[PDB]
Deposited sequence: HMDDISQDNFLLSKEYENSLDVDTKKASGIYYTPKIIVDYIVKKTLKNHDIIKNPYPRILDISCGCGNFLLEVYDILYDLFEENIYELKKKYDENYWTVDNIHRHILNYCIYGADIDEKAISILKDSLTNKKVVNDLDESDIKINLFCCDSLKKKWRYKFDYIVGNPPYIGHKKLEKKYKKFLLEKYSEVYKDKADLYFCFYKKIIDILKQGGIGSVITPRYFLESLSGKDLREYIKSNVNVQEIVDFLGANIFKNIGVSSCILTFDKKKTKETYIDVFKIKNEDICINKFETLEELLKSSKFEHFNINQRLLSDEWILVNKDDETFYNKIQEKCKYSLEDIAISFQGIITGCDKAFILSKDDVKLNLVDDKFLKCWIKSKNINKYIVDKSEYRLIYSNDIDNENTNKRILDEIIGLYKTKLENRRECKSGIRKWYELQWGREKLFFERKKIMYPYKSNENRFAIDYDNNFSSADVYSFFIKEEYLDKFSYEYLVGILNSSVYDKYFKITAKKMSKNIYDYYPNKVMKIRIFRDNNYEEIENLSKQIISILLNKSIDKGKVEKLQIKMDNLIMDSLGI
């Protein structure tokens, strides 16, 4: 809740250098560089140093070209503090610290203590740098969210993040021909909520460079994945984007004195993306991956959304009140008609699900409060207060002992395919035990009209293959290190096929399932069967 995050000095140096590398101080000796979330001025002090070097090295040229008495080395500090540096933040103390630092670098200092999203900006800016705040839909005040929805509807909507509005504000107050460079989360590149935002960035600025750190850790002790976006508003004929994607997420960012050394090394991969060819999604991949993805998309006639019905797991609202161990003695109080098997994301393997260790009390079947009063008095009631603070319980839609978002039972108590919402690899398992789960596991079942065309065994055989792992990870949402988001908004967009290899792929999947379900489970032959199935799928897809 402090609101101030230290951006590493390497990133700050890289961003400032990216914005001010090729600035013609002779042509324009009055550049306006702004940081709308400056905090203690990590970016602004480096901006001051760079500007001081520029002015000191061109002071005599400026003196000849302009007022001789005005352009002096002794007057550089005052000029920079008067006409060049602009900062804004909400923290009074951080603004005071930055003001003290700028004063002690050697006068009206242009530092503002306000909300940058509400401030009426009196002029546009040549350069904009900084690190905006990241606040999700849970940790954001509701009235402020209403304000954002009312005024920033072009980029902010539904489950959008706060920094979308900061992106929009940076684009709005950027002078024509100006350059902006910021560090933000990487999720908006692939997230559904970022769609509108991406469109905005596509339709108002030219994207110069995207530095994607994927799942690395740039901020110490902070669970966020970061990217650096550099863009301009110049008159460009061809709009191409230099995309730099990290290859090894196990790095210490201080491996080099400069970020450019890391970018131009074997630790990063560079390619080019045509901005005019960008779709609703931004598919930032190299030529090989692009050809692979296009070949898979063309060769497949169906998608999972076409043939399957998907749903999210139960949302109890308070798991500690409804989930218990199968060996718990309190379960003797509850009849088996109210008990469902309960699995977690770690219980999902590639083809089969681990046997259930937990039981869920489906309290929605409790008809009368007086009946089964022992269960409410000794199990569910222990968290009654918490259960009463849920949104649907304050409004009277749910009884305090009911599940907040208990779905239809008929969807879970059937044969279906389940997969964790976050994983390092594809894990699509067939559930035979009518397992219930929380939102950490998503489920789907084949529509009855496609049962003859696609079976569960074939689907899990092709989905768990390395080919489809790579194919899904092309457009997947990279959350953290070795973690991808497996949500319906991208899982249901996977495209599938059927051809002459359907029978052998299904048979190999059945053999793998049979081996995995045996007692003396030696998974060695499973790998060989998987390799054979991968070769079959690669032959089928022409790759």
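| task | Could you sort out which parts of the deposited sequence are absent from the coordinates (no C-alpha) and give them as ranges from 1? | result | No C-alpha coordinates exist for 1 to 26, 133 to 141.
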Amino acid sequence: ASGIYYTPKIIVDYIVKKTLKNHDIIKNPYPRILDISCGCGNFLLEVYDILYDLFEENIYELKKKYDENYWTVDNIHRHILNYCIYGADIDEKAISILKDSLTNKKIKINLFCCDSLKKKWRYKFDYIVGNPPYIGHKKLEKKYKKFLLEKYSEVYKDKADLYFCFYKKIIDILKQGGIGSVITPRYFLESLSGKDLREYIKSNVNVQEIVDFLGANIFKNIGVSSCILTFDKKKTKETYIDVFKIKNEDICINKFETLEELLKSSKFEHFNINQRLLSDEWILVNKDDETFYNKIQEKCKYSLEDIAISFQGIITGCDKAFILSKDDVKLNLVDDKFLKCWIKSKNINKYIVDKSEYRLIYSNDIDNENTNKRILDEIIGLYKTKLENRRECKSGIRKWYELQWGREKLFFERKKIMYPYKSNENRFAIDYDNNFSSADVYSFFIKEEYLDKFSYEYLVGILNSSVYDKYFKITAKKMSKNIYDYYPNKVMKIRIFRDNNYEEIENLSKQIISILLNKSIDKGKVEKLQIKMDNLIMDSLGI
From here on, numbers count along this sequence of modelled residues.
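The term rigid core refers to the maximal set of C-alpha atoms that superpose within 1.5 Å between the two forms.
| task | Find the stretch among 180 to 188 and 251 to 259 with the larger RMS C-alpha deviation in 8 other deposited structures of this protein, all structures being superposed on the shown form by the rigid core. | result | It is 251 to 259 that deviates more in 8 other deposited structures of this protein.
| For the stretches 25 to 33 and 473 to 481, which has the higher mean C-alpha B-factor as given in the deposited record? | Here the higher of the two C-alpha B-factor means belongs to 25 to 33.
| query | Out of 376 to 384 and 202 to 210, which one has CA B-factors that are higher on average in the deposited record? | reply | Comparing averages over the C-alpha atoms only gives 376 to 384.
| task | Kindly indicate the residue among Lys340, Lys245, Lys195, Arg122 with the greatest C-alpha B-factor in the PDB record. | result | Most elevated C-alpha B-factor of the set, per the entry: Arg122.
| Highest CA temperature factor in the entry: which of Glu457, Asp161, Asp365, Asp440? | The C-alpha B-factor peaks, among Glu457, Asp161, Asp365, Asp440, at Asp365.
| said: Going by the CA temperature factor in the PDB record, which third of the chain does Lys330 belong to: lowest, middle or highest? | reply: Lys330: CA B-factor falls in the highest third of its chain.
| request: For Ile537, return the chain-relative third of its C-alpha B-factor as stated in the PDB record: lowest, middle or highest. | output: Middle third of the chain for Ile537's C-alpha B-factor.
| request: Among all modelled residues of this chain, ranked by Cα B factor, put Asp431 in the bottom, middle or top third, i.e. lowest, middle or highest. | output: Lowest third, going by the recorded CA B-factors of the chain.
| request: Relative to the other modelled residues of the same chain, rank the CA B-factor of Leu304 and answer lowest, middle or highest third. | output: CA B-factor rank for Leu304: lowest third.
| Of the three thirds of its chain by CA temperature factor, lowest, middle or highest, which one includes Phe311? | Lowest third, going by the recorded CA B-factors of the chain.
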